[PDB]
Amino acid sequence: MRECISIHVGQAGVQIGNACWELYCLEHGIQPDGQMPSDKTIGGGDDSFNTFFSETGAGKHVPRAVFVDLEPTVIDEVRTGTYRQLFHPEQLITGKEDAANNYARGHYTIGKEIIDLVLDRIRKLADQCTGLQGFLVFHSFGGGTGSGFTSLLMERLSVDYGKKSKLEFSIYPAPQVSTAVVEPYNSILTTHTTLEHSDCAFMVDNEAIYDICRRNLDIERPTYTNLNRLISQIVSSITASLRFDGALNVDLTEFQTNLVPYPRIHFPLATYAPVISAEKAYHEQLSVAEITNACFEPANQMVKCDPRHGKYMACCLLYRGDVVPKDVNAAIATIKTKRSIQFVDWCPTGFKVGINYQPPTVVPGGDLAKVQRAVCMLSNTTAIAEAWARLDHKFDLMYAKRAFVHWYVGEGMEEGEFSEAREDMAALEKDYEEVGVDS
Amino acid sequence: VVXXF
Amino acid sequence: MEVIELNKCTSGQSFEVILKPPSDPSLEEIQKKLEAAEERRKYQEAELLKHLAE
Amino acid sequence: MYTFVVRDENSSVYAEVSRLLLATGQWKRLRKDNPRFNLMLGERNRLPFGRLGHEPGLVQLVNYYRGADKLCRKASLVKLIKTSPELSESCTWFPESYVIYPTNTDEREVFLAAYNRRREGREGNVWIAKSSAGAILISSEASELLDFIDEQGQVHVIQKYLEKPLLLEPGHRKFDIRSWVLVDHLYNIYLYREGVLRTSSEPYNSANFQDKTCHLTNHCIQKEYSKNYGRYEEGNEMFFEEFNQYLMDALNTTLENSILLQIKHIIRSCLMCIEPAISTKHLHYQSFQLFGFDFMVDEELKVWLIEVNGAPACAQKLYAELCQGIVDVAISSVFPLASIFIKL
Amino acid sequence: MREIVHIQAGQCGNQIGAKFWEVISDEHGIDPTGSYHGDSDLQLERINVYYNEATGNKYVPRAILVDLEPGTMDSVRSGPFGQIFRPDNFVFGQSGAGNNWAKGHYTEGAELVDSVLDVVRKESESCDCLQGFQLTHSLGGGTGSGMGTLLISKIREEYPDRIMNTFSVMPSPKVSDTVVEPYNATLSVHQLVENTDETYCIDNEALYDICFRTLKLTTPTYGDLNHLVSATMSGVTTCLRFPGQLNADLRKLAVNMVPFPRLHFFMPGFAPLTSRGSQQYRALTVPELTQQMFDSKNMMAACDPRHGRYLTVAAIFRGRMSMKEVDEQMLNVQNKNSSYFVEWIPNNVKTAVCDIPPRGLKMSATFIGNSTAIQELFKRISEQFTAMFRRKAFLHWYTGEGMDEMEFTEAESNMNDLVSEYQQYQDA
Ligand SMILES: Nc1nc2c(ncn2[C@@H]2O[C@H](COP(=O)(O)OP(=O)(O)OP(=O)(O)O)[C@@H](O)[C@H]2O)c(=O)[nH]1
Ligand SMILES: Nc1ncnc2c1ncn2[C@@H]1O[C@H](COP(=O)(O)OP(=O)(O)CP(=O)(O)O)[C@@H](O)[C@H]1O
Ligand SMILES: Nc1nc2c(ncn2[C@@H]2O[C@H](COP(=O)(O)OP(=O)(O)O)[C@@H](O)[C@H]2O)c(=O)[nH]1
Ligand SMILES: [Ca+2]
Ligand SMILES: [Mg+2]
Ligand SMILES: [Mg+2]
Ligand SMILES: [Mg+2]
């Protein structure tokens, strides 16, 4: 069995991390004590959930996870969390002086001063792994820690574990909830540095999940807790294959294989349905062919873009719950007609499908209704490039006047590294262009 | 201008 | 339309479905940058404390 | 109050719509690069659709359908009419065509099979060359312009010339009809009641083919390459009301029945085909767009589709009525303040 | 980035410093003796930011009181919260500065500055993690202006990586008839451009006009002027004092508010405008808090924001209200008056919402704008300055303490540069 370590970085990383491992523990029936009545492989196991949990003689199931924040406030809430007994002290790493939304401060200044403690704490988990397959990194694009320290950590792991796999869960910034004017700086900066050290990355536009949280759950001003329990339902759909027994996306290598032909173009668009309000006592039970179609309605995408005017390179359908393949292949036959799905002329125009019979669990007392069936589509469409365009226009506006640049230089970073990272991105929009449009 | 706290 | 590689189990199943075929930097090297910034920053702080000495 | 921008000033039409917008005291205009707008009269080409609908609390609308170039560019339209089942290759109202890339997905030349199917032919056949640039030639023997195609670098397409067009009298003149079509954010297909005939100035003779300007009915070729203009109709623009009366006193019919039904049909067929590809019903922004369809009628009063103009100009007369009409339907249905069209 | 050290210098400094502490003490439920007696627990969450703890869990402000005459500090110590302050943190001389920047910065103040820095150091070692310092002072007198800018220059030397914040009261003839105040102010500005990260431009011209026009007070007093400052200071530091998401520390605030190192002179606004007599029975609507907090009448800086462009804006709302509606009205201003925000800084308006409202109101709004129109303030002083300096008038008070004409010329010159820099980015 191959273990996965998930590394939660910064405020966004640690808070989503909780939405996840909270949801994980409801799905694998682990209690707030870390105790598991369903499990009988006490002390250790070769089960599939062991890829995300290690075991202790006392019978505790301990998240194979590391939490990091240059600010102690967030991780301190884990420590006294409803799920506190789960994690042990060594797993929760905290600094005192945070990065103040400055990429340079997180990477260079504060970053140098903790990198060798975290790696040491990651090493203590790698030395509890019989065949470590790699890492899952959770972070924001906008934060100081999230952007700055992450790019530092990724560089180190490509050295300390060169042949192991690294996958990203990244929060793309939206003015509607963002708390800094320079988040577009920290976004391009961290993407340029991190690109060659990430095998596959799942982007989530806060804008998208916000509007989904407004539209589908009738929430007026969605909190982060609202935004996060939604995300976790997505992330679970991605990871369920590693945690439960399946044949699709069974280890991290398969993700790159199935979703990433071009290594640089490793940002699959995730779409997910159904998102149902729990305040709706009775909710219409959406059939398989109904939620399969919703995978192509932009309103359900993790990033608002238009796949119709992009080409595909891969496409996965991950059904959870009451679904049989007959109903699936039926709806697949349908959509090829009604919808604009062009693939690249060097890829088969098809779909990889997977079913997970255990249905989507929901947090008791949450804003999501339990549904009998659900799907999560992972499409590597060039339409996601639209999100790089958005982000890059905002960058050029501010950098033409070197606005806020002095904050970065003052951390020791060079004004040329800005130029370096932007001209890298200007190639990515070209790569996405060469792949998906008619000349 | 005459202006006391 | 073609189904392929139907892999089954108790916890789920999977298959493929086709509709048409086709038609790095060093450990030290990192640290050389981490210190090139600690210097560039220590310098700009020398020039301030120098401007302040005046 | 509302905010809008402009990024195409070389557009005849939206210069007037921008003029009319500012006349309502409710539409402030912003700098062409301000992101906090409500409407965008974007650029003909390179229009960045990727940035629309990402401004919190701003409803955003635009005067172009992304994906609409598939119907308006020549080689694309063709590929669309044969590849799209809703319009069988066997299309009753679209002339035979084949896509043509020079020597430099070449449909070059299953096209030729069609020519020799007319070596058995006593049905005369003549095919055109027409291009992305406004700068086109026409002749029976194919090879002649295939050189003309391989000469220049642009991609081209070839299509049968309608050798028996309807001839307006007096004059024995050729012509074509331009109809203006408006599609809103809901995809209601609206037709402007007023149309125009781009009539030819001289009589139509199948004798001479080289730059003969009795073949082409463009405003640019009739004004520049002919001492013939305004003899019968000022501007070579015969509006519908006249064409209506002629067709009755001449052929005993109406514009409505002989031609307009077929026109209104091809419109519905084309837009409804492209509809799932471009509709903004469930998008984070909304779209609308004016189109100009060029039609050719023959002597059996059958209507054909020539090309779809994605950036059409209007007849001087109809500017004040149509540009006014655009604002009623396309902009103010989305942005309310405080008929001349026909739904299909 | 946890503890802040507060300092107040001179008459104005200590009066508003005192009023500031009076106000936030009441908001954090701290009594004059320093015990806690408040309901909500939001009141004690980030109490460690401005206060220290002692035996009996009493709360002592992290405040250093500085003056060159005992006057205002004797009055503050027998003021309302007088006995709340650390007795040892009273550091005063007897000679006075005689409204002279030179006396404050070079002679009478130099004689005292070391002793103050000792109390600064003692407080900064009690800090688990120090953010920086907020100073309150006037720019028009001698102690707060001259000694104040000296303390900054000295404190930047011991804590160059910390953040330096100031509440600086700009002089106006409408309130003071001391002729040399434009000298004192120009000299101070030169210092502030160089050695602060954030400076709240509290203009006594604005405060007087507000008191007289809007609040209809025909004989405005300092207490009236300070009630406005007290309100602003509570609001502006709210995002610092209670749990929040935006601009929650001085460094982050600086990073969001300061696009260029020199242009850190903020234009505060506040709503609803209140006098200590005003009733305020009718709480305002969210749309009313917004139309006002952007209204020039509510600006504490006496600039017309329509004459320049907002580089950045923070907007802080307090009290129980529709956070949904806050966003719409906030997004409304930006979209209505979009020409007045620079285009080359996307989403330059950021908003926070705290539940606990200010003393005596149900709904309050505080404005923090980095407008280029702030130059008008510096232009005002620049003119009042040159009017005298071209005739070298009243310079003998300064040369007599060791200064030279050249030092004036450079402070004149550096502030004219500041104005031009604020004008460079207003046409961008
Ligand atoms: N979905 C989601 N987004 C978040 C969350 N927290 C922060 N963000 C977003 O992330 C960006 C801010 O980055 P943070 O993670 O908060 O900052 P950080 O990583 O802790 O780094 P520093 O705070 O500078 O030390 C903004 O765009 C926020 O909107 C969260 O809990 N959930
Ligand atoms: N199959 C056909 N039968 C008859 N006439 C044809 C034809 N194909 C092309 N034409 C001629 O082409 C002429 C001009 O049409 P064109 O394709 O240039 O459209 P347009 O000028 O309105 C916009 P643009 O030239 O900018 O693309 C018409 O007058 C028409 O007579
Ligand atoms: N708003 C306000 N301004 C004051 C107060 N006291 C003095 N000033 C202003 O500050 C300037 C005088 O500075 P002051 O503090 O008295 O001199 P210092 O004691 O040497 O620092 C003048 O512009 C006064 O109007 C006060 O209590 N409130
Ligand atoms: Ca076990
Ligand atoms: Mg943080
Ligand atoms: Mg005095
Ligand atoms: Mg002495």
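Residues numbered from 1 in each chain as written, not as in the entry; some residues may be left out. Chains lettered and ligands numbered in written order. Part of a larger assembly, values for the part shown. Heavy atoms only, no water. Residues with missing side-chain atoms left out of burial classes, pairs and counts.

Named according to the PDB entry, chain D is Tubulin beta-2B chain originating from Gallus gallus. For this entry, the PDB title field holds "Tubulin-MMAF complex".

With the PDB entry as reference, chain C is termed Stathmin-4, source organism Rattus norvegicus.

Residues and elements named next belong to chain E. Their axes nearest at 9 Å, the elements helix 11 (residues 286-293) and helix 12 (residues 323-336) cross at an angle of 30°. Considered as vectors, helix 11 and helix 12 are oriented roughly parallel to each other. In the packing of helix 11 onto helix 12, the handedness of the crossing is right-handed. Every residue of helix 12 that contacts helix 11 at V286, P287 and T290 is listed here: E325, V326, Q329 and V333. Partitioning the contact of helix 11 with helix 12 into residue classes produces 4 nonpolar, 2 polar and 1 charged. (Axes fitted to C-alpha atoms, helices over the stretch in contact; angles between N-to-C directions. Helix = DSSP H or I, 4+ residues; strand = E, 2+ residues; numbered from the N terminus. Parallel < 35°, antiparallel > 145°, perpendicular 65-115°, else oblique. Left-handed = near helix turned anticlockwise from the far one by under 90°. Contact = heavy atoms within 4.5 Å. Nonpolar A, V, L, I, M, F, W, Y, C, P; charged D, E, K, R; others polar.)

Residue and element names in this part refer to chain D. With respect to the element layout, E202 can be found in strand 9 (residues 196-203). Here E202 occupies a buried position and makes no salt bridge, while the nearest side chain of opposite charge, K212, is found at 6.6 Å. At 2.2 Å, the side chain of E202 forms a polar contact with the side chain of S226. Once you skip the residues sitting within four places of it in the chain, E202 turns out to touch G171, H172, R173, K174, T213, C214, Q222, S226 and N228. (Buried < 20%, exposed > 50% of the residue type's maximum accessible area, 1.4 Å probe, protein only. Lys, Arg positive; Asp, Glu negative; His and termini not counted. Salt bridge = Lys/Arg side-chain N within 4 Å of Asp/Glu carboxyl O. Polar contact = N/O pair within 3.5 Å; in protein donor to acceptor, adjacent residues only side chain to side chain.)

We now examine the site of ligand 2. Residue and element names in this part refer to chain D. Of all residues adjacent to ligand 2, which total 18 residues, the nearest are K130, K160, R198, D294 and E307. One nitrogen or oxygen atom from the side chain of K74 is found 3.0 Å from an oxygen atom belonging to ligand 2. Note that an oxygen atom of ligand 2 is positioned 2.7 Å from one of the side-chain N or O atoms of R198. Notes on ligand 2: free accessible area 630 Å², of which the protein chains cover 82%. Secondary-structure elements contributing two or more residues to the shell around ligand 2 are strand 7 (173-183), strand 12 (289-297) and strand 13 (303-309). Ranked by the residues each element gives to the shell around ligand 2, the list is headed by strand 13, at 3 residues. Per-class residue counts for the shell around ligand 2 are 5 nonpolar, 5 polar and 8 charged. (Near = heavy atom within 4 Å. Areas by Shrake-Rupley, 256 points an atom, 1.4 Å probe, with all protein chains shown as cover.)

A few words on the coordination of the calcium ion (ligand 4). Residues and elements named next belong to chain A. The calcium ion (ligand 4) binds to the protein through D39 (OD), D39 (OD), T41 (O), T41 (OG1), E55 (OE) and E55 (OE); the donor distances cover 2.2 to 2.7 Å. If you look at the calcium ion (ligand 4), its 6 donor atoms make angles of 52 to 158° with each other, and the shape they trace is irregular. All donor residues of the calcium ion (ligand 4) come from one chain, and their arrangement in sequence is D-x1-T-x13-E. Accessibility expressed as a relative area gives 5% for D39, which makes it buried. (Donors = N, O, S within 2.8 Å, 3.2 Å for Na, K, Ca; no water. Tetrahedral: all angles 85-135°; square planar, octahedral: opposite > 155°, others 65-115°.)

Our focus in this paragraph is the nonpolar core. Membership of the largest hydrophobic core comes to 222 residues, with the highest contact counts inside it found for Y185(A), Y408(A), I374(E) and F378(E). Among the nonpolar cores identified, the runner-up in size contains 64 residues, and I171(A), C213(A), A270(A) and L318(A) belong to it. (Core = buried A, V, L, I, M, F, W, Y, C linked by side-chain atoms within 4.5 Å.)

Here we come to the interface of chain C and chain A. Chain C puts 31 residues into the contact, and the matching count from chain A is 40 residues. For the chain C and chain A pair, buried surface summed over both sides reaches about 3,000 Å², with 59% attributable to carbon and sulfur atoms. Here chain C is connected to chain A by 3 salt bridges. For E38(C), the salt bridge goes to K112(A), with nearest N and O atoms at 2.9 Å. Applying the counting rule to chain C against chain A returns 14 residue pairs in polar contact. Of all the elements in the fold, those that place two or more residues in the side of chain C that touches chain A are strand 1 (2-7), strand 2 (14-18) and helix 1 (27-53) of chain C. The element best represented in the side of chain C that touches chain A is helix 1 of chain C, accounting for 10 residues. Here the side of chain C that touches chain A is composed, by residue class, of 14 nonpolar, 9 polar and 8 charged. (Buried area = accessible area lost by both parts, 1.4 Å probe.)

So, on to the sheet that holds strand 2 (residues 27-29) of chain D. Residues and elements named next belong to chain D. Across the sheet, which stays open at both edges, the 5 strands sit in the order 2-1-3-4-11 with parallel pairing between neighbours. Edge strands, defined here as strands with exactly one partner in the open sheet, are strand 2 and strand 11 (286-287). With 3 bridges connecting them, strand 1 (residues 2-6) and strand 2 associate as parallel partners. Each bridged residue has a counterpart across the sheet, and for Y2 the counterpart in strand 2 is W27. (Pairing = 2+ DSSP bridges.)

On to the domain arrangement of chain D. When its domains are assigned, chain D resolves into domain 1 (1-63), domain 2 (64-95 + 164-344) and domain 3 (96-163). Inter-centroid distance (C-alpha atoms) of domain 1 of chain D to domain 3 of chain D is 40 Å. (Domains from an automatic or database assignment.)

Let's shift gears to helix 15 (residues 405-424) of chain E. All names here are of chain E. An ideal rise of 1.5 Å per residue puts 28 Å on 20 residues; helix 15 measures up with 29 Å between its terminal C-alpha atoms. Buried residues of helix 15: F408, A411, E412, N414, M415, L418, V419, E421 and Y422, and no others. Tucked inside the fold, the buried residues of helix 15 contact helix 6 (181-195), strand 9 (265-271), strand 12 (364-371), helix 13 (375-389) and helix 14 (396-399). The opening residue of helix 15, the one whose side-chain oxygen lies 2.7 Å from the backbone nitrogen of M406, is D404. (Expected span 1.5 Å × (residues − 1).)

A separate point is the pattern of salt bridges. Counted under the stated rule, the structure contains 74 salt bridges over all chains. Here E97(A) and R162(E) are joined by a salt bridge, their closest N and O atoms 2.6 Å apart. In this pair, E97(A) is assigned in the loop between strand 5 (92-94) and helix 3 (103-109) and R162(E) in the loop between helix 5 (143-158) and strand 7 (163-170), connecting two distinct chains. The exposure class assigned to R162(E) is buried, which follows from its relative accessible area of 14%. Here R380(E) ties to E205(E) by a salt bridge, and the two come within 3.4 Å at their closest N and O atoms. Highlighted residues: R380(E) in helix 13 and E205(E) in helix 7 (residues 204-214), separated in sequence by 175 residues. Overall, the relative accessible area of 14% leaves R380(E) in the buried class.

Moving on: the arrangement of the chains. When the 6 pairs of chains in contact are ranked by number of contacts, first place goes to chains A and C. Structurally, chain B and chain C remain out of contact, their C-alpha atoms never closer than 37 Å. When C-alpha atoms are compared, chain B and chain D, though not in contact, are closest at a spacing of 45 Å.

What follows deals with helix 5 (residues 143-151) of chain D. Residue and element names in this part refer to chain D. Listed as buried for helix 5 are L145, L146, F148 and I149. The arc that holds the buried residues of helix 5, viewed along the axis, is 155°, so those residues lie on one side. When the buried face of helix 5 is taken as reference, the exposed residues oriented beyond 90 degrees from it are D147 and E151. Buried residues along helix 5 sit in contact with strand 5 (97-100), helix 4 (110-116) and strand 6 (156-159). (Arc of directions from axis to C-beta.)

Tallying each qualifying case throughout the model produces 64 aromatic pairs over all chains. Ring geometry for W21(A) against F53(A): centres 5.0 Å apart, planes inclined by 75°, an arrangement best described as edge-to-face. A residue pair is termed long-range when its members are at least 10 positions apart, and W21(A) in helix 1 (residues 10-27) and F53(A) in strand 2 (residues 53-55) qualify at 32 residues. The residues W21(A) and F53(A) share a single accessibility class, namely buried. Taking 6.4 Å as the distance between ring centres and 85° as the angle between the ring planes, the aromatic pair formed by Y185(A) and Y399(A) counts as edge-to-face. Taken together, the residues span a long stretch of sequence, with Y185(A) in helix 6 (residues 183-194) and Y399(A) in helix 12 (residues 385-399) at a distance of 214 residues. The exposure class of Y185(A) is buried, given its relative accessible area of 0%. Here the aromatic cluster, defined as three or more aromatic residues joined through ring pairs, consists of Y185(A), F395(A), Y399(A), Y408(A) and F418(A). Seen from the ring of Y399(A), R402(A) lies directly overhead, with NZ or CZ sitting 4.3 Å from the centre. One residue, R77(E), lies across the ring of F90(E), its end atom 4.3 Å from the ring centre. (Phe/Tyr/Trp six-rings, centres within 6.5 Å; stacked < 30°, edge-to-face > 60°. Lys NZ or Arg CZ within 6 Å of the ring centre and 35° of its normal.)

For the rest of this paragraph, the subject is the sheet that holds strand 4 (residues 65-69) of chain A. Residues and elements named next belong to chain A. Strand order in the open sheet formed by 6 strands is 5-4-1-6-7-8, with parallel pairing between adjacent strands. Lying at the two open borders of the sheet, with one neighbouring strand each, are strand 5 and strand 8 (200-205). Each adjacent strand pair in this sheet contributes to an overall mean axis angle of 15°, direction not counted.

Residue and element names in this part refer to chain E. Bridging between strand 10 (residues 310-318) and strand 11 (residues 349-354) involves 6 bridges; their strand directions are parallel. Among the inter-strand pairings, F317 is bridged to a residue of strand 11, identified as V353. A crossover connection joins strand 10 to the parallel strand 11 through helix 12; in handedness this β-α-β unit is right-handed. (Right-handed = clockwise from strand over helix to strand, strands pointing away.)

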